[PDB]
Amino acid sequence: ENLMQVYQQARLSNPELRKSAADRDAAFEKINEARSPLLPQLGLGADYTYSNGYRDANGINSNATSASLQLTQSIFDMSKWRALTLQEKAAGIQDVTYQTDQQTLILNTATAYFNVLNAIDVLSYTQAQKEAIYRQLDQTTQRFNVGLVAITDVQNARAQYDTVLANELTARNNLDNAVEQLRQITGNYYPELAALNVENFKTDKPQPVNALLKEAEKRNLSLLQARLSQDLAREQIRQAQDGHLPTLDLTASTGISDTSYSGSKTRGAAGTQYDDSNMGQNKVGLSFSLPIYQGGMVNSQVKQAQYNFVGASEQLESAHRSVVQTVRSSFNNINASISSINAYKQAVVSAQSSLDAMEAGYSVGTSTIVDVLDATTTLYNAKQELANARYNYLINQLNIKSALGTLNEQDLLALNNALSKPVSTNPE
């Protein structure tokens, strides 16, 4: 499949993004439990108590049993509101997080994908370089069988041949481990991916750094949270201060209670005291409570809440310094990426001709084998460097998008285009 398909297969199964989802869901569901306390609280009670006096109470025993139905209602309790508010701001922050986590699934899938591609290039270029050092090998031998070149010419091309093999060895191990990477992110294994279409490839000067910086300054998901979080630090200052406000609660209830006495001092005296009482009651009331002074606590708290607010602020600064540095760097790099794709595109030609000469010359005694084998090594580097440069350019784009905090499923389509030629991921 291609980038845009491999992505979607992951967006519906990546355990990391889902875990992040479930974390946002809990965060919001919690807003309920937060408001919960502002609502009616109904409970049922019932007791049974056997008493037994033993001094002036001697000879007096009793069996009472009650069962009330109590209800509570907050009339004015600032902290109970504060809490609800804060749980909401928290869910909000958790959301900005989930979004950030969504962007990461993109950058990481795209990167993982172009690693399996660059992995393939390295292998192919290593097989081309091997096949070359082989022709050159086979040839120094013929030229040596007619005494037109020392034995060293054959011993040299053999040595550099064995060496390329040790590489082709690992270059193939990497294409493998690069697919295990993709597998883990997307959850799948791919027989083939759509390779970068080198003909239709074109770089594109990036927006001026200034425009980039200014949108990121208003969209970068990281900066956004430092903002939300600073707000939350302020909201908490208020919370601390509520410790000074008074509260008004309402209570209501209806209960029955049946008591029965027994014992010495019960048999006689009468006085209608020890008669079995069977009470019934209905109640409603208001409770006002106001802190007057609590050992300095409420202020020590309000101060702390403010220092923590300063901290939240310093972190906002950091977030911003970071969103800046990330933007300028991403700008610099994408440019240097385009600039490098050119230099190497070039070097791959100057090295191709030079190799063609050395080879041609070697065949008529004008060029040394060392010159050939070195021209060969030079070409197959410029070749990989160029291949590599292209992938970094593609990624650097995604980086700027992410630094702006606007990296999405679309940016992943714009790239799904420069892809085309279906190549195998298996090193057969």
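Start at 1 with the first residue shown and count on from there.
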- Higher avg CA temperature factor (189 to 197 vs 106 to 114, as deposited) belongs to 189 to 197
- Would you tell me which stretch averages the higher CA B-factor in the PDB entry, 290 to 298 or 149 to 157? 290 to 298
- Message: If I read the C-alpha B-factors straight from the PDB entry, which of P246, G255, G311, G92 is highest?
- Response: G255
- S124, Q73, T259, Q230, ranked by C-alpha B-factor: the highest one: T259
- Message: Ranking the modelled residues of this chain by C-alpha B-factor as given in the entry, is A389 in the lowest, middle or highest third?
- Response: middle
- Query: Of the three thirds of its chain by CA temperature factor, lowest, middle or highest, which one includes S20?
  - Reply: lowest
- Task: Going by the recorded CA B-factors, say which third of the chain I369 sits in, lowest, middle or highest.
- Result: middle
- Item | Chain thirds of CA B-factor: placement of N63 | highest
- Query: Can you tell me which third, lowest, middle or highest, the CA B-factor of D204 falls into for its chain?
  - Reply: lowest
